[PDB]
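Colleague: Have a look at this one before I ask anything.
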């Protein structure tokens, strides 16, 4: 089997991407944030505290004839961005672009943090990291990809995120028309539950490529590119007027600047992020200072190849017996 769904930026800055997901019988369609950095499928729901729902579409398990309460199961997750949610658990039928899993754990939110409430465009998350990170207690549950794997034509899913445009998540097959050149595959460590890999280095604009190992995660659920402070300083040093702003919380730059591209290595291959992908717009409405899309990972503990990086490539999440990651230019 296969599946294919269109993923769409939530706003004019590509702050995140949403993909429609059918849940229950009859189907309830919610727009979920597909997140290769976490492993819980959770949804706004009829059980969510009413003051914490502000425009999202909710899942109502009582209206799904295939929903079953998972007895005694709860979940609670806290994300790197400081947001959180928690609730109980149903199993139900979940379909993504024609690919169907029965018995998928659907984590129904009773509580969400303020940032989720304030974002009316994201109805929940669909985790695509490794199921070892799933938070359901006392019985950990499997991701949608983990449940679907055995039925897929190939045990893979691909992310093809657009810049200011729609893109695609495919399950079970590689669309060879969706990229140029070849896909370079690189090794993955699952020891922390992430699609963790090692980039072979970087270049800024037209500058010399620096060979240096950058260990980080392919994370469709993080907006920006978070890299070591040495690398990030070298990038922003090429932008006249850029500086690290403590009050804003990272590097900012004059909105009138034209940004250089940023290249990262995948083996001997190179992925070029165009400069405009690094512009995240005025720091506050009406400001002429703009927020940078490449930021220091120094306070994180891990480098994150977020949407800024991934949307420059066609990305293969290969769930073979030994998982690997594939990157192609597009």
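The numbering of chain A matches Swiss-Prot: 90-419, in order.
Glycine is no exception: its Cβ is also placed from the backbone N, Cα and C atoms.
Below are the features listed in Swiss-Prot for this protein:
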- 106-417: domain 'Peptidase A1' (DOMAIN)
- 124: active site (ACT_SITE)
- 288: active site (ACT_SITE)
- 344-379: disulfide bond (DISULFID)
Colleague: Which of 344, 379 (the disulfide-bonded residues) has the most other Cβ atoms within 10 Å?
Modeller: 379
Colleague: Measuring Cα to Cα, how many angstrom lie between residue 344 (disulfide bond) and residue 124 (active site)?
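Modeller: Roughly 30 Å, rounded to the nearest whole number.
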Colleague: At the Cα level, what's the spacing in Å between residue 288 (active site) and residue 124 (active site), rounded?
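Modeller: Residue 288 (active site) to residue 124 (active site), Cα-Cα distance: 20 Å.
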Colleague: In DSSP terms, helix, strand or coil for residue 344 (disulfide bond)?
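Modeller: Coil, per DSSP.
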Colleague: State the Cα to Cα distance, in Å, between residue 379 (disulfide bond) and residue 124 (active site), rounded to an integer.
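Modeller: Approximately 26 Å lies between the Cα of residue 379 (disulfide bond) and that of residue 124 (active site).
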Colleague: For residue 288 (active site), list the number of other Cβ atoms lying within 10 Å of its Cβ atom.
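Modeller: 22, counting other Cβ atoms within 10 Å of residue 288 (active site).
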